[PDB]
């Protein structure tokens, strides 16, 4: 039984960097580790990937969720539309920023990610192709 994404409220702080999450724009992230039933919330897809690619945690991470920017506006992502990050399309290197500056756009629809790149630049990636280089 997969653990489910949860709403992010105004008091939630990023698991990596401690900043308040919902003040800032850009897709946010959540994930669970095998060891804890409490979801870990992140201020940005940037910090989500930084955490889950860290060798200390890479094997502990099970469920990973990101806002679907096919459905939610960039400035105010909506917690009703979390998608499975492992099946999403990602845009790295666009001009659009999140809570930590540069960030990773996340979409359910490949053509939406491609149109995003047409507008704002960047490159298209699947979950597995995102490494510590990016």
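Positions refer to the first chain, counted from 1.
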Compare the mean C-alpha B-factor of 80-88 with that of 28-36 as given in the PDB entry, and name the stretch with the higher value.
28-36
Could you look up the Cα B-factor of residue 21 in the entry and say which third of the chain it sits in: lowest, middle or highest?
lowest
Where does the C-alpha B-factor of residue 105 rank in its chain, lowest, middle or highest third?
lowest
Sorting the chain's modelled residues by C-alpha B-factor and splitting them into thirds places residue 72 in the highest
Would the CA B-factor of residue 133 place it in the lowest, middle or highest third of its chain?
highest
